[PDB]
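The chains referred to below are lettered A, B, ... by the order of the sequence lines, with proteins before strands, and numbering in each begins at 1.
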There are 2 protein chains.
Amino acid sequence: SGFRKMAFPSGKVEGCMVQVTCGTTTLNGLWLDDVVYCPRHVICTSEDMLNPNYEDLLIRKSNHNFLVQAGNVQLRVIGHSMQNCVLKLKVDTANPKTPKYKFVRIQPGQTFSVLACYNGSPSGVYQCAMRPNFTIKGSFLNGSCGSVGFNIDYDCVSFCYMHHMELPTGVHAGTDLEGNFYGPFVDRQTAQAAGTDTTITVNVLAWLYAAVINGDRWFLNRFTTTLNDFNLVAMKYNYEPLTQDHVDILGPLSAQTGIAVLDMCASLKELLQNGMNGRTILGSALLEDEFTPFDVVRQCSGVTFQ
Amino acid sequence: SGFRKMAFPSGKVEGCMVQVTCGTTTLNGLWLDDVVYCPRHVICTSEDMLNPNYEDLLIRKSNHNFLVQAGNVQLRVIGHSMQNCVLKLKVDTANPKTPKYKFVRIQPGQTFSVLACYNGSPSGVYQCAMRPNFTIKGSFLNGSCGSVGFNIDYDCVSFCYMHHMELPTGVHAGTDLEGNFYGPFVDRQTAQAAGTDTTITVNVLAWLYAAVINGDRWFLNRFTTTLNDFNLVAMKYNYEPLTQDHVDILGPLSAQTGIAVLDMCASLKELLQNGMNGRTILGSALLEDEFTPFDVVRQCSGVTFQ
Ligand SMILES: [Zn+2]
Ligand SMILES: [Zn+2]
């Protein structure tokens with residue numbers, strides 16, 4: 001028993017991180033097969049970032065202007081191209097440690113593990129969620145750009161995030177591995193507004209089911225409610241509205257605990273209107289929304305990977 | 001910027017986990033050089049665990065009674081021995097993926113990463129602290145026994161914990177890699193009492209310094225205090241007393257923020273007597289004690305590993 005904010009094992013990804021250097025800028029890249037992916041602003045100086053013309057900047061660079069260093073070995077750049085906001089550097093050596101991988105564009109509310117890297121070396125790993133406003137609340141210092149987020153399904157690595165920038169508000173923004181930003185952000189150093197950050201209601205509910213499985217049941221009241229009356233209360237507290245798809249995803253958890261989804265919603269409503277009153281749930285005095293329904297079943301059943 | 005409960009990259013450890021089977025019981029083992037370490041109760045049945053005579057049970061077992069499986073390959077057991085509460089199985093093949101490693105017995109309040117494994121396959125990784133009562137609050141299901149905790153220093157892996165059992169209270173207990181339990185526990189299925197769990201005060205202080213570095217400064221009052229007057233208040237709330245060694249360890253953080261240790265203590269005292277009043281610090285409504293002073297500097301400077 002017990003419940004922890006758990007990350008995926010990072011072994012398969014550690015063998016794919018490289019150091020990419022262009023001119024003076026150095027950041028991290030992802031080496032899969034014979035191509036290296038990295039943020040395109042590796043070609044910018046501190047002054048270029050205020051208003052960069054990436055096309056014009058990329059024309060001035062040749063294949064030999066890029067230094068790719070795998071741990072302590074240099075890959076030869078024989079081809080470069082720009083796909084949206086990432087650079088694809090084609091090198092001469094295919095990564096012998098390339099795992100089975102896919103590129104995926106996740107949706108808000110989904111979770112993934114981040115391997116924070118500096119100078120192409122892994123520093124730590126943590127689990128987080130894509131917020132409804134397409135930001136993440138991560139931990140990144142200068143030089144962490146190019147760090148990637150990922151999920152693991154059995155033996156396959158699903159890359160879903162590449163880190164690009166910290167906004168003036170302290171939150172973080174990035175792209176999928178095709179270089180398309182999550183959210184309305186651009187790789188430029190300017191004031192950019194993130195929308196209202198809402199709470200991922202389906203994840204809160206999944207967490208409450210985890211609490212029941214692990215012995216915390218004080219929050220279970222004997223009331224019930226309807227989807228409409230619940231969403232009316234949720235919206236007042238900046239909670240994402242609940243749909244039937246969400247109710248369907250929670251089905252396995254409802255069956256294992258004998259607690260109907262709508263009954264759990266009635267419990268959550270009471271917590272929103274009345275608060276926790278100095279109590280905790282799974283050791284927390286706030287409602288957690290960084291566990292999906294799939295995360296809860298994985299941790300409460302013991303799923304493994306290769 | 002930002003602050004996350006961060007674990008070490010687990011790559012170096014993933015290549016060391018094996019499946020150990022004796023009779024019907026199967027759990028995880030740690031394969032370093034030509035020896036495999038695992039909990040000795042792998043030789044017990046469900047009925048043996050109530051009152052096991054490990055010496056007498058081990059006599060009935062021969063080298064060929066143990067099945068060691070590395071992923072999908074079998075190591076031949078050519079020697080077995082019992083060191084305290086662990087079994088040392090000497091095999092015929094040295095692990096080609098053996099990293100530089102040490103065995104270390106950590107002290108309460110120190111943190112480490114756990115790689116939770118089932119059937120010798122990694123499931124996830126999380127960071128936790130050894131409580132002052134020598135328990136950990138982990139996430140473990142049946143078959144997770146033999147999972148290890150570890151730290152990383154540059155390129156060397158320090159193994160500090162092997163998981164052995166869940167107490168009837170839901171908390172977890174285990175040994176160092178020499179088989180000596182942390183705490184007064186024994187590998188027997190009986191009611192065992194853990195002492196009072198106290199809050200690791202030096203870690204709370206380090207966390208408060210992390211908050212200041214990251215922009216949360218509302219809790220900074222303009223009072224001060226003495227070590228004696230502070231410890232008098234701490235003890236009333238089940239907080240570990242502060243010593244001069246603790247003040248010395250916090251020195252680098254005091255210098256970087258310009259806030260004297262004793263001034264921070266005065267701020268913490270106020271939080272203990274008055275509470276948070278519905279506010280948060282680094283996104284938390286409780287005081288966190290699972291970050292050491294060393295963890296804070298590592299995450300606020302960008303330390304890396306190989
Ligand atoms: Zn950058
Ligand atoms: Zn066991």
Side-chain angles (χ1 to χ4, degrees), chain A residues 1-5 280 282-285, chain B residues 5 7 85 104-114 126-140 147-151 158-187 191-210 227-250 253 261 264-265 268-269 271-273 281 284 286-296:
Chain A
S1 64
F3 209 72
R4 281 279 179 174
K5 183 70 69 63
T280 65
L282 290 176
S284 179
Chain B
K5 183 70 69 63
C85 293
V104 302
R105 185 168 179 84
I106 58 165
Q107 296 294 115
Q110 291 192 258
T111 56
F112 56 92
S113 298
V114 166
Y126 55 89
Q127 185 86 349
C128 57
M130 180 70 72
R131 304 309 309 173
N133 64 3
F134 298 95
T135 64
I136 69 168
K137 295 183 157 192
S139 180
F140 293 113
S147 294
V148 300
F150 63 97
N151 292 95
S158 295
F159 296 101
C160 60
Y161 181 82
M162 178 161 266
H163 180 58
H164 280 248
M165 53 192 227
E166 185 172 88
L167 305 185
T169 56
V171 297
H172 306 110
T175 71
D176 60 24
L177 265 292
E178 289 176 19
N180 304 114
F181 258 94
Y182 292 99
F185 311 110
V186 293
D187 45 352
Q192 310 193 47
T196 321
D197 190 13
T198 51
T199 302
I200 310 154
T201 308
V202 64
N203 291 3
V204 173
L205 290 169
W207 181 70
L208 292 179
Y209 277 105
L227 258 187
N228 270 281
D229 282 55
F230 172 83
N231 281 339
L232 260 284
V233 171
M235 293 198 201
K236 179 163 176 286
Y237 295 91
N238 292 313
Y239 266 60
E240 284 296 329
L242 215 70
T243 68
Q244 185 62 48
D245 289 329
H246 297 151
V247 170
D248 285 357
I249 290 144
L250 287 167
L253 288 179
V261 172
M264 194 66 107
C265 291
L268 176 56
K269 173 190 292 175
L271 294 173
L272 297 171
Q273 298 175 348
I281 300 174
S284 179
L286 314 159
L287 304 175
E288 265 271 20
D289 70 342
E290 283 202 324
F291 294 99
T292 72
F294 298 115
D295 298 333
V296 176

Qualifying residues under side-chain hydrogen bond (donor to acceptor under 3.5 Å, both in side chains), relative to B:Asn133, sequence neighbours excluded: B:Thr135
Flag if over 12 foreign heavy atoms under 6.0 Å of CZ, B:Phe181: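 Yes, enclosed.
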Parallel, tilted or perpendicular: ring planes of B:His172 versus B:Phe140, cut at 30 and 60 degrees: perpendicular
Any donor-acceptor pair under 3.5 Å from [X] side chain to [Y] backbone:
X: B:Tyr161; Y: B:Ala173; value: yes
X: B:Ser139; Y: A:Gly2; value: yes
X: B:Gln192; Y: B:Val186; value: yes
X: B:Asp295; Y: B:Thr292; value: yes

Excluding sequence neighbours, so at least two apart, what forms side chain to side chain contact (heavy atoms under 4.5 Å, CB included) with [X]?
X: B:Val247; result: B:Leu242, B:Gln244, B:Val261
X: B:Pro108; result: B:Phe134
X: B:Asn238; result: B:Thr198
X: B:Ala210; result: B:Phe3, B:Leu282, B:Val296

What I'd like to find out is whether the side chain of [X] reaches to under 4.5 Å of the side chain of [Y], using heavy atoms alone.
X: B:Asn180; Y: B:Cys85; answer: no
X: B:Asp197; Y: B:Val171; answer: no
X: B:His164; Y: B:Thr175; answer: yes
X: B:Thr199; Y: B:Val204; answer: yes
X: B:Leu287; Y: B:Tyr237; answer: no
X: B:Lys269; Y: B:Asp229; answer: yes
X: B:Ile136; Y: B:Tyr182; answer: no

Would you compute the distance between atom [atom1] of [X] and atom [atom2] of [Y] and round it to the nearest 0.5 angstrom?
X: B:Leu250; Y: B:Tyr209; atom1: CG; atom2: OH; result: 6.0 Å
X: B:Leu205; Y: B:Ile200; atom1: CG; atom2: CD1; result: 12.0 Å
X: B:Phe112; Y: B:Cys128; atom1: CZ; atom2: SG; result: 4.0 Å
X: B:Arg131; Y: B:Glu240; atom1: CZ; atom2: CD; result: 9.0 Å
X: B:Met130; Y: B:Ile106; atom1: CE; atom2: CD1; result: 4.0 Å
X: B:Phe291; Y: B:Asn203; atom1: CZ; atom2: CG; result: 9.5 Å

Option from B:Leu268, B:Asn231, B:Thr243, B:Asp289 for which side-chain contact (heavy atoms from CB on, under 4.5 Å) with B:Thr201 holds: B:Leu268
Listed partners of B:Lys5 passing salt bridge (charged side-chain N to carboxylate O under 4.0 Å, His left out), at least two apart: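 For B:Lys5, the residues satisfying salt bridge (charged side-chain N to carboxylate O under 4.0 Å, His left out) (neighbours in sequence not counted) are B:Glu288, B:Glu290.
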